[PDB]
Amino acid sequence: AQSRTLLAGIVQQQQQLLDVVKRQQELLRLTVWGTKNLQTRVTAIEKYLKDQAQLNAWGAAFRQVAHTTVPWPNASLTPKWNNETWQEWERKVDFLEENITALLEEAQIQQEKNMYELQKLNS
Amino acid sequence: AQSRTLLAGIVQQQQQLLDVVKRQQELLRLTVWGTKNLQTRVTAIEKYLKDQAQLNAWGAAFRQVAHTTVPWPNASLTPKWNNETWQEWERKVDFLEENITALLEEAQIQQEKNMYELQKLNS
Amino acid sequence: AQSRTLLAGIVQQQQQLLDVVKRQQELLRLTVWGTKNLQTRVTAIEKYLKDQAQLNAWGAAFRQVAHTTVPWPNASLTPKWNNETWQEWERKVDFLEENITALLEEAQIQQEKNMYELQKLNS
């Protein structure tokens, strides 16, 4: 009178949820890659912004043998506020990412055992 | 003849899935923080872009006592299309984020009860 | 002596986990939208960066009837390294996104059946 057939569905449902959760983890990494990759583009953009500051007034003088160059910063470089927080942001993802992988490894081991134990009841 | 030992594994597996799902929620917030933080950097960059437009032709005149300044916009400011949609994007995350927290609270309460009920069967 | 009441809680817990997982999927898409949307802003910014390069030295000449224009690139355009990888990044999300939707459809069908089967035991 045991409802093993129902348990087989429940145990299987956990496996499907586990697969999606695992997929979310891989997908989550991609989101981090795009967000983080954009930051690399931003650093490249900051350089170009600075190059402009170099452009100020060239040839702006026909009676003087001099050129005035005023490289006033143009890129707001983030050294402490965002860089320090960004490192924390990436670090945190690492700790949670590692936590998730650890839990997934346990879930996979445990998910298999629940299915293995079920087979024994009706092997 | 009840398979409580199997249920203990199944109930535990749900707890581990719940922990990972919860972790995804915290991790999801970090992804939103980095994406959103980049937008703040973009707003800072837009300002610098505008400063350039101010730079056009300085000292480009040695027989005139005047300076020509042409601040042609350089930053594409998003006032309606992206700003309005971005607010919706952030809002939507808020509604889904709140929905997830509400469901997690129920899941935690319910997860505990399922384990508590299991103890009673074999307390 | 069957613990159906416990199963009803376990089966329900899976439904709540499924709802949150599904919510994560919708939320995950928003994160991709913001990250990807920023890239569209970056492409707009690259154009403006180039416009600057056009600005070099105007009117920098009062004894010549000529203007020197030096449009030195200012935007680092990503044609192959990031564009090709970015397409892969978006593609991968598509494959995982489709995988998740497929699994969710099966989970919903299966989740319903587990609940439907439970009703039969005590309908």
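Per the deposited record, determination of this structure is attributed to solution NMR.

Chemist: Which residues make up the interface of chain B and chain A, and what values go with them?
Modeler: Listed by partner, the interface residues are 40 residues for chain B and 51 residues for chain A. Summing the contributions of chain B and of chain A, the shared interface buries around 3,900 Å²; its carbon and sulfur component is 66%.

Chemist: Before we move on, can you summarise the relation of the copies chain C and chain A with the specific residues and values?
Modeler: Superposition of chain C onto chain A requires a rotation of 120 degrees combined with a translation of 0.0 Å along the rotation axis, giving an RMSD of 0.0 Å. In the structure described here, the two chain copies are related by an operation that fits a three-fold rotation axis. Rotation axis and chain C: the residue whose C-alpha lies nearest the axis is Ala60 of chain C, separated from it by 2.4 Å.

Chemist: Can you explain the UniProt feature "coiled-coil region" (unreviewed entry) in chain A? Please cite residues and give values.
Modeler: Here, UniProt's "coiled-coil region" (unreviewed entry) annotation points to residues 86-113 of chain A. Along residues 86-113 of chain A one finds 100% helix and 0% strand; the C-alpha atoms at either end are 40 Å apart.

Chemist: An account of the environment of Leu38 of chain B is requested, with residue identities and associated values reported.
Modeler: Within the secondary structure layout, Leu38 of chain B lies in helix α1 (residues 4-54). Accessibility expressed as a relative area gives 3% for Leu38 of chain B, which makes it buried.

Chemist: Give a description of the pattern of salt bridges that names residues and reports values.
Modeler: All names here are of chain A. Per the counting criterion, the structure on display carries nine salt bridges over all chains. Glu97 is paired through a salt bridge with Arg29; the nearest N and O atoms lie 2.4 Å apart. Of this pair, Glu97 sits in helix α2 (residues 81-121) while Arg29 sits in helix α1 (residues 4-54), and the two are 68 residues apart along the sequence. The exposure class assigned to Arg29 is partly exposed, which follows from its relative accessible area of 38%.

Criteria and thresholds
- Residues numbered from 1 in each chain as written, not as in the entry; some residues may be left out.
- Chains lettered and ligands numbered in written order.
- Heavy atoms only, no water.
- Contact = heavy atoms within 4.5 Å.
- Buried area = accessible area lost by both parts, 1.4 Å probe.
- Least-squares fit on C-alpha atoms.
- UniProt positions renumbered as here; feature names shortened; annotations may be inferred.
- Helix = DSSP H or I, 4+ residues; strand = E, 2+ residues; numbered from the N terminus.
- Buried < 20%, exposed > 50% of the residue type's maximum accessible area, 1.4 Å probe, protein only.
- Salt bridge = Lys/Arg side-chain N within 4 Å of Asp/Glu carboxyl O.

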